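Notes for the one structure printed next.
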Amino acid sequence: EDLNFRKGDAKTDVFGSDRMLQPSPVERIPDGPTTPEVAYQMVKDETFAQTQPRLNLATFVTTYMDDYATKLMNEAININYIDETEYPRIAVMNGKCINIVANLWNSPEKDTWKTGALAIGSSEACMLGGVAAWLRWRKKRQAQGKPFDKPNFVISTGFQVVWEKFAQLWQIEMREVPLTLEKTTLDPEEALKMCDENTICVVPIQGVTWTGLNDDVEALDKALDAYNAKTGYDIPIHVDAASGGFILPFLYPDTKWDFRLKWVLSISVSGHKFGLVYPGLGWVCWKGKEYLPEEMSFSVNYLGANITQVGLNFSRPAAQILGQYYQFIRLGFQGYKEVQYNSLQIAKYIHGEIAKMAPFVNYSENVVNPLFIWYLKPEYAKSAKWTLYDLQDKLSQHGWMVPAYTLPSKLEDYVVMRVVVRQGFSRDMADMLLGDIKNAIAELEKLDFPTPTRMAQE
Amino acid sequence: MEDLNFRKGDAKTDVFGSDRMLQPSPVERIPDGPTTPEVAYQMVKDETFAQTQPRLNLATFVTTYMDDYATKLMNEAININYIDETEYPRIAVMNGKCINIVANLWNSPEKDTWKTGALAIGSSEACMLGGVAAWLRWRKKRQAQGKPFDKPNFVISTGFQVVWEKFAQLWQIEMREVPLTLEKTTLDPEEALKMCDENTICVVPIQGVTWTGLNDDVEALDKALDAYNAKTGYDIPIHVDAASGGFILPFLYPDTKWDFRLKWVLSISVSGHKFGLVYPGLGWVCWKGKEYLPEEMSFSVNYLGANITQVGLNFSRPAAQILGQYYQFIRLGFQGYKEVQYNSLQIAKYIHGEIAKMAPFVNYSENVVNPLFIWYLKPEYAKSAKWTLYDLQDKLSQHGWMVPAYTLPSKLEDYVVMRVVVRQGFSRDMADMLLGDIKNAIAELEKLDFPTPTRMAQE
Amino acid sequence: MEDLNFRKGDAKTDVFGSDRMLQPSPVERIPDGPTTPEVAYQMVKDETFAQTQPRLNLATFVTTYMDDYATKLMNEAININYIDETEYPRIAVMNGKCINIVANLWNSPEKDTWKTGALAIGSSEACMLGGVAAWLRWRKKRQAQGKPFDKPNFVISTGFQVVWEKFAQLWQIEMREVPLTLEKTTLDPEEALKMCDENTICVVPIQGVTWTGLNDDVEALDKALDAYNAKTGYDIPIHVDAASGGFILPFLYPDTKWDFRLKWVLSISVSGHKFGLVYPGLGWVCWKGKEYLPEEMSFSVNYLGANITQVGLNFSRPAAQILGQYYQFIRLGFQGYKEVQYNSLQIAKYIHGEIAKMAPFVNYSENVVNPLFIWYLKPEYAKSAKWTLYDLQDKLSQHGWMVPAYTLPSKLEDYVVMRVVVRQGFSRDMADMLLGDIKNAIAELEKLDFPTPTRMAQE
Amino acid sequence: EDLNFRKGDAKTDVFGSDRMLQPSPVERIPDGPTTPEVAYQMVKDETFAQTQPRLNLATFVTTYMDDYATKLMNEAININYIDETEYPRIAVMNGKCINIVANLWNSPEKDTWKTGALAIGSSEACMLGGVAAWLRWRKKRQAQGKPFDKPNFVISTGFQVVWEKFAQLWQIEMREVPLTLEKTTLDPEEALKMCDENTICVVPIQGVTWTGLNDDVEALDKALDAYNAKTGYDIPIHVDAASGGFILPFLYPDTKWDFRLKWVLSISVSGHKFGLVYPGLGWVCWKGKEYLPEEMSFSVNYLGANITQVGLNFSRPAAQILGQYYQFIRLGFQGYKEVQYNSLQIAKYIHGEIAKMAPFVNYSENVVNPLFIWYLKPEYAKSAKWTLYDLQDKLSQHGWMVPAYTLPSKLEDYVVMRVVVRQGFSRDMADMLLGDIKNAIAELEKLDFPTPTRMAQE
Ligand SMILES: *Cc1c(COP(=O)(O)O)cnc(C)c1O
Ligand SMILES: *Cc1c(COP(=O)(O)O)cnc(C)c1O
Ligand SMILES: *Cc1c(COP(=O)(O)O)cnc(C)c1O
Ligand SMILES: *Cc1c(COP(=O)(O)O)cnc(C)c1O
Ligand SMILES: O=C(O)CCCC(=O)O
Ligand SMILES: O=C(O)CCCC(=O)O
Ligand SMILES: O=C(O)CCCC(=O)O
Ligand SMILES: O=C(O)CCCC(=O)O
């Protein structure tokens, strides 16, 4: 007999111990330790009762990489990127990723080491782009003797929340262009009507989270050029290309959306979205060194590489840099093209199967990113007992997360549902999703009474 | 017999018999085409060999070792995006539980079950959130008083970590710096108060100053600030930058009054990936109460009955560091944290005392309160020495160590110092290897007949 | 809920919160008592961190990389004792097949299916077996002729590897050395013959001289020895020390007559753990035929139809390397070996040519025939330089490399040279990293206003 | 259809390929490559049809280490010990192992860094000990003006073959002292009768491979002291403690066999036997630096450690050094004592169960190493139709290797069987062995006719 079996000794079975008869700590650190096996199960077992990542169809963020990328990143778990003097090869590798991304966006910058910065995601990358735009504008107005205490920026109502965070945490006024059925993306004329002497930039979006579409950056550039020539306000573009920045160079190389455009001075992207790297990666590039203010930034030479030192974060995992460089070499341009081709084709397939179903109609006929949205046909929705919120709940019962939500301003009456196709979501998994949707439709159509969300829409 | 595509990357290719491994890695542009995973894996991996090994990086404060079970747990969470809280509500609750545990480690008087605080990637984000909040609370007060609010400043030691300079740059807030001297090796509150005025948004004492390893005396600052605030009505608060010290003091110095026990400490930040014992990617910031976190910055969403504050500079991010932090709280508990930090501090104190015995060296402080310390050359020894600590740094790097030498901040910029940080996973046996290499390096440098370049640069 | 024995090593102990990790590792005496495996694992593992990583060790000729399948196969054989041939007869046969394959790579004319040869731990044991065999054949021939046989000698370049000095010392056999000059950068046959007499047991040309990377011309020696032997009747044979070149020449230089194609080459040795591409612990020695391996040294036992020679200095030993060798033969074949060695030699030639373009350097040879080469400072640059190749070695060590600087053997002792060995797993990309580090080290060393200790020691 | 499926492409199944219809190469390197999976199987599959290491009861060499030792050694597979400038911490660790072994043997040497050498096994360690003994004798005889060209050494007929290799490869005369049932180990007086002015050393054995016994080193030391004072020949002892060198210090600390004895000037041992490390480890220690000739050796200071550079091998795996240092720290003295206690207890147990069986009688009543030998009772053997060779074959049918062999000279008529108990052979496995032996006896006792080996004994 083992006296200390239940107390956590060498013979203890995790699930015959006192600790596994006790709740996990909510408020205070436990007074004492447990065995690693007990602690591992206590933390791990709490993650079972939620969405499995590969079935999370709400997220744009990578939920699969191959075995070699995963191994490489796991092996780098203890590498702090910011220790660049200690790890100068990763600092150089970061600079090469930035060069590769800037050249993917057709940067005209002649310096070997392109002007850009590592980020944890598009959040930090967007804020860096916006702060730079803010500082360039402050300096311009100061030289002109104009006031500089009431800046604004212009964006679609389809903005992702980081631009609201940017507005709040820096106290810069956000001016929003509404969406309508006639203008499903940023309309340049309406955007221009909100520009004045205090606008620091206009922010078109490539891969709008709410809709899956792309704002027309070239059309914005065109309108902005004539306006800037009229007023001298010199208003630039920052492209929020969180998803599209790793779609368009491979699948739409001739679409002029990037540094080929005169007024596109900076671009940001989520490397952890369609850059195909696990969470923790964004990039922001400037068209040239002259668009990155000295007040924000400096550069350090590491092994002959000029590495720009700008960022909101400091210490951070380096794994995602290795992961990014791995994807660039392992796939190359052709490999990225074929992976994004697969993701886009599966999205268009699901899009076309959704359109064949009696309850549904797609927001757009054109799928330009590996995602799309649909809603209930208005005449179907009128007499239906259910809403898309009910469909989301039905699908979650099979482990899927397929989100239903209302669109931004002037389309707030439209409840839509979104599917994001990422690498690792196959045609076979699409068929399973489509079968579950068909079954959910059949069950919901048996309702004799309206659901609560159906009643709330009345 | 012969395999036609052996060199081009087929199923029979040997990585190092291939054309790709006769070619340089891409510097400017994505390669046109793919390679095999094995080739690409080696191309990226092999570039990380020629640099400091993490366990021998003694410059860094950030965790380079966790146990096998924490490591496995975090690797298994590599594809989990924290910010997908609706999809992963159990991790959102776990995040709120870590914040509670941290706030209570800091003796928060907040009565709400779900404490006011936020996840961060490191003390960089956590400090900026603390500073933006102090700035917004100050703007609101001055606006309500009819006073100007366009020229904010904050007060901090010259021993600040660079994120406070970034904060000053990226928000255009004036940083006022209190210099270090040998008479005042940490932030002196009276000199701190001399830089306070109606435009001061907060004072930032530091627990675990990166340059020196010391702690600013937060309680002494709180006392001076209390009298000053009673005199002026400016209501200047404290944000404690406890990047390292926030996970040392609760366990090793429970009676040092530095945290939410003090009247004017309204927020505190810490690096979970330093002495919180989690691999890179974790910080925490807590507020003394919900009233100190402006609604302009923040909201909260209920996930499975837990009120989780949605404030942050980042959005999508790895969730593994939350599982790792919660694992350490459960696996070690208070006693286990105390015993690990005791080990790290004892080893730092051991090296500190061994350093003091060697003829060329003298310690900046006799008090080791965090698992790190700094030393410099005895002035009388340095005058006739042919070498500097930069030469010692280079000697040690030849054996794989990174032991950094650098000049101290303002009014001590003449002092070249060297720093050793003891982290979990750096043992007494490894300290003996370091000390042996230091002794051997000293004996080699003492044979020099001519001064080194850095020695001449000091002349 | 405190754990009383947490620091003493129970089921809850954290390695780096334990008393054991506050104590030094044992230097003199076995510790009195046990620890947990996790603690002991770290204590041993952590001592290996502070040294050169194998893939950046450019001094070594010995394999530092094999693919994942070879590595898995060898790890799985860690508990297999080769010498237990009755218990493990398939490995004994596998060893015999490896010996057959090596003998045929060297164009053995031996008609027996099972070639006469022996497993070794490296070229050290393989060379000693070859030399003892030559010594015994010589003793027997001199005895039958009624001549003395008590003062044997052998002839070799001053570029010998240290095993031949051990052979000379441990068997008390006189080693006669032919010096190197710039005019005779490898073994000159005429000078070698002038050191032969009636007591010379063999001449040892070297394929892959460690000091230089060059090949002694075996065919020229064989030709010279043939005429010498016809004149004197001394009947002196060749043993080829082909430690590196024995797995280079068959694939990249098939037409160079250096092996058993030559009349007087009676035995050849090689390091299987060098360019045979197997992890440490493998060498081979083959004889031209059974009549050249004395029965006094040897016997043969039949295992499963395989005639296995039982010759060796070692007895019990790891079997993993046999599996590793046979795997490489099957996995790569002739073509795969050819392409791997081609990559290594091409990268060595690439580094060789880039070094020649740098102002301080000049290469020892314009011919690169093994995946390694040496260079030194241009005499005119060296006169006024403040630094030596020893200073460059130390600088490159600061980035984790080991690139050795050393003086050449006799009559070239004045030459300080530096050597790079390119092994499987050293790519073009890693070469670019090395060359970049060299360029940077030169620019730093060129800033010196005073000479270094080694530069002064050169007077 | 996949055109290249059988030829080795990415879709090839190893056992649907042409290569797995072809024999493995016997004579010549294949002209071309295969896939790693095919090559892995081809080599691996050849190792199945032989004794499994844990059931190999012939071997004295370690067949089990724990998971941490095993992982530690695997991780060092690419580490060449001899690169001591590159790997100076392993050179220091090697020196610490030599110190620990030297003190385990009660070395009186005052130096911190004990005089000793790493080996691949007892073979190299014994040859180093014998070469040193040989060189010291040459120097002594030369200084006296005496001849030194006809060396000999004295050893039991129970020598292990390396001493024959030493005799052959160095051309030194081996003088053998026979075993008898009256003198089951080396008799000192018989040993002394073969010594003269040309004897370089006497070699007692601790853990004789043939018998499991220990030569009485202390009795040899006493007799050698009186002989040396009479003749002045100054003949020393080298102890071949291949097995016993890691048994006696823990289980028989009071037995005086090591450097405590005046004439024991060197001792060798197999670290890969009862030192508990996987194949590839030996040690030799000298009583002091004056007993290791400089002609054989030099010393290099690595990080303050004086490391002796003597050895027959050069480049070699360093993994075994880590494994040895791991075992010293992981087990300590107590842990070694308890592990060797277990192995010895199990051997004593099997020994006692063998003695109870009608056909058998043990060679010795005292088990002093974890091994022993037995033979057939003389009267049982006379009428039995089977021999121990037949028992060996029967046990091989169940996967065991339990060897039968004739003892060396003057016991050449004795066919014996040996069992070696190593770490990893438990009481439970001993019961399994004993059950198979019992079953085998019942089968062989049914023979109506004698076996080939039984007739060969007639
Ligand atoms: C992803 C997203 C963001 C926020 O990016 P993160 O990578 O989550 O930090 C901003 N804008 C758009 C269009 C996005 O899709
Ligand atoms: C670590 C550090 C910081 C920055 O924190 P990160 O975790 O690197 O983001 C700020 N202040 C101090 C005192 C620090 O030690
Ligand atoms: C490698 C080497 C040796 C010694 O061989 P090991 O494999 O280290 O035992 C002998 N001669 C030459 C030319 C060598 O390169
Ligand atoms: C093991 C053995 C040897 C040979 O030792 P290895 O470790 O196989 O090289 C020599 N003598 C005895 C008594 C042995 O048991
Ligand atoms: O992809 C995600 O998980 C979040 C980023 C986009 C969004 O806000 O929905
Ligand atoms: O610990 C690190 O690796 C960086 C922390 C902040 C600093 O030291 O400036
Ligand atoms: O390659 C090695 O690691 C040793 C080889 C022999 C030598 O260089 O002397
Ligand atoms: O134990 C072995 O595997 C061989 C050891 C030497 C022997 O007993 O012959």
Side-chain angles (χ1 to χ4, degrees), chain A residues 59-61 80-83 86 119-127 158-163 165 203 205-210 240-245 268-275 279-282 314-315 369 420, chain B residues 57 59-64 81 83-84 122-124 161-163 210-211 243-244 271 273-274 280 313-317 404 419 421 423, chain C residues 60-62 120-128 159-164 204 206-211 241-246 269-276 280-283 370 372 421, chain D residues 80 82-83 312-316:
Chain A
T59 183
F60 302 65
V61 174
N80 180 10
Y81 163 73
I82 208 63
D83 295 342
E86 290 65 32
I120 276 290
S122 276
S123 189
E124 174 180 24
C126 282
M127 291 174 178
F159 65 89
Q160 207 275 353
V161 74
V162 306
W163 290 104
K165 298 185 178 259
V203 185
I205 303 156
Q206 307 301 79
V208 178
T209 51
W210 306 88
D240 179 351
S243 287
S268 49
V269 73
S270 300
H272 58 208
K273 283 185 181 180
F274 290 97
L281 185 59
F314 200 68
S315 295
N369 293 290
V420 182
Chain B
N57 180 351
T60 184
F61 296 67
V62 173
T63 294
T64 49
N81 181 7
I83 208 63
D84 293 343
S123 278
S124 190
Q161 205 272 349
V162 71
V163 307
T210 45
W211 305 87
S244 287
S271 301
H273 57 208
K274 283 185 181 180
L313 304 183
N314 299 295
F315 199 68
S316 296
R317 58 152 293 162
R419 182 184 67 231
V421 184
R423 298 179 307 281
Chain C
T60 183
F61 300 67
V62 172
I121 278 289
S123 275
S124 188
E125 173 180 22
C127 282
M128 290 175 178
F160 67 79
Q161 205 273 347
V162 72
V163 57
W164 291 103
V204 185
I206 303 157
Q207 306 299 261
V209 178
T210 70
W211 305 88
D241 182 352
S244 289
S269 52
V270 73
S271 300
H273 58 210
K274 283 185 181 180
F275 290 95
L282 187 59
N370 295 286
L372 64 137
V421 182
Chain D
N80 180 10
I82 206 62
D83 296 344
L312 306 184
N313 299 294
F314 198 67
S315 294
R316 58 151 291 161

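When reading the values below, keep in mind they use all heavy atoms of this one structure, side chains included, and skip hydrogens, waters and symmetry mates. A note on names: the letters A, B, ... follow the listed sequences, proteins ahead of strands, and every chain is numbered from 1. When a ligand or atom number is given, it counts from 1 through the structure's own listing order.
Each of the atoms 2 (C), 3 (O), 4 (C) of ligand 6 lies under 4.0 Å from some heavy atom of A:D83. Ligand-side atoms of ligand 1 in range of A:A242: 1 (C), 2 (C), 11 (N), 12 (C), 13 (C), 14 (C), 15 (O), range being under 4.0 angstrom from any heavy atom. In the vicinity of C:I206, heavy-atom distances shorter than 4.0 Å reach the ligand 3 atoms 13 (C). Applying the 4.0 Å criterion to heavy atoms of A:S315 picks out, from ligand 6, the atoms 2 (C), 4 (C), 5 (C). Ligand 3 places these atoms under 4.0 Å from at least one heavy atom of D:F314: 8 (O), 9 (O). Set against the non-hydrogen atoms of A:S270, the atoms of ligand 1 under 4.0 Å away are 1 (C), 5 (O), 6 (P), 7 (O). Of all atoms in ligand 6, listed by their number and element, those nearer than 4.0 Å to a heavy atom of B:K274 are 5 (C), 6 (C). When each atom of ligand 6 is checked for a heavy atom of A:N80 under 4.0 Å away, the hits are 2 (C), 3 (O). If you number the atoms of ligand 3 from 1 as listed, the ones under 4.0 Å from a heavy atom of C:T210 come out as 12 (C), 13 (C), 14 (C), 15 (O). Interface of C:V163 with ligand 3, defined as ligand atoms under 4.0 Å from a residue heavy atom, comprises 10 (C). Close contacts of ligand 6 with B:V62, meaning ligand atoms under 4.0 Å from a residue heavy atom, involve 1 (O), 2 (C), 3 (O). Of all the atoms in ligand 3, the ones that sit under 4.0 Å from a non-hydrogen atom of C:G122 are 7 (O), 9 (O).
The protein atom (non-hydrogen) at minimum distance from atom 6 (P) of ligand 3 is C:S123 N, 3.3 Å. Remark: minimum distance from atom 1 (O) of ligand 6 to any protein heavy atom is reached at B:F61 N, 2.7 Å. The protein non-hydrogen atom at the shortest distance from atom 4 (C) of ligand 3 is C:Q161 OE1, 3.5 Å. Of all protein heavy atoms, the one closest to atom 7 (O) of ligand 3 is C:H273 NE2, 2.5 Å. Looking only at heavy atoms of the protein, atom 11 (N) of ligand 3 is closest to C:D241 OD2, 2.8 Å.
The shortest non-hydrogen separation linking C:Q161 to C:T210 is CG-CG2, 3.9 Å. Considering every non-hydrogen atom in both A:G158 and A:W210, the closest pair reads O-CD1, 3.0 Å. In this structure, C:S124 and C:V163 approach most closely via the heavy-atom pair OG-CG2, 3.3 Å. Of all the heavy atoms in B:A59 and B:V421, the pair that sits closest is O-CG2, 3.9 Å. Of all heavy-atom pairs spanning B:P280 and B:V62, the tightest one is CG-CG1, 3.7 Å. Nearest heavy atom pair, residue A:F159 against residue A:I205, reads CA-CD1, 3.8 Å.
Note: D:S315 OG to C:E125 CD = 13.0 Å, rounded to the nearest 0.5 Å. If you take CG on B:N81 and CZ on A:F60, they are separated by 11.5 Å, rounding to the nearest 0.5 Å. Taking CD1 of D:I82 as the reference point, atom CG of D:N313 lies at 9.0 Å (rounded to 0.5 Å).
Considering both main-chain and side-chain atoms, C:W164 never comes within under 3.5 Å of ligand 3 through any nitrogen or oxygen pair. At under 3.5 Å, not a single nitrogen or oxygen of B:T210, backbone or side chain, sits near a nitrogen or oxygen of ligand 6. Checking only distances, D:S315 does come within under 3.5 Å of ligand 3, N or O to N or O. Between A:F314 and ligand 6, no N or O atom pair is found at a separation short of 3.5 Å. For ligand 3, one of its N or O atoms has an N or O atom of C:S124 under 3.5 Å away. Taking only nitrogen or oxygen atoms, main chain and side chain alike, B:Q161 reaches within less than 3.5 Å of ligand 6.
A donor-acceptor contact shorter than 3.5 Å links the side chain of A:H272 to the backbone of A:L281. At distances below 3.5 Å, at least one donor-acceptor pair connects side-chain atoms of A:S122 with backbone N or O atoms of A:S270. In this structure, the side chain of C:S269 does not engage the main chain of C:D241 through any donor-acceptor pair within 3.5 Å. In this structure, the side chain of B:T63 engages the main chain of B:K274 through a donor-acceptor pair within 3.5 Å.
Counting only heavy atoms from C-beta outward, the side chains of B:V162 and A:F314 approach each other to under 4.5 Å.
Residue contact annotation: C:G208 has a non-hydrogen atom under 4.0 Å from ligand 3. Between B:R317 and ligand 1 there is no heavy-atom distance shorter than 4.0 Å.
A donor-acceptor pair shorter than 3.5 Å can be found between the side chains of A:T59 and B:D84.
Across A:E124, A:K273, A:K165, heavy-atom proximity to atom 2 (C) of ligand 1 is greatest for A:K273.
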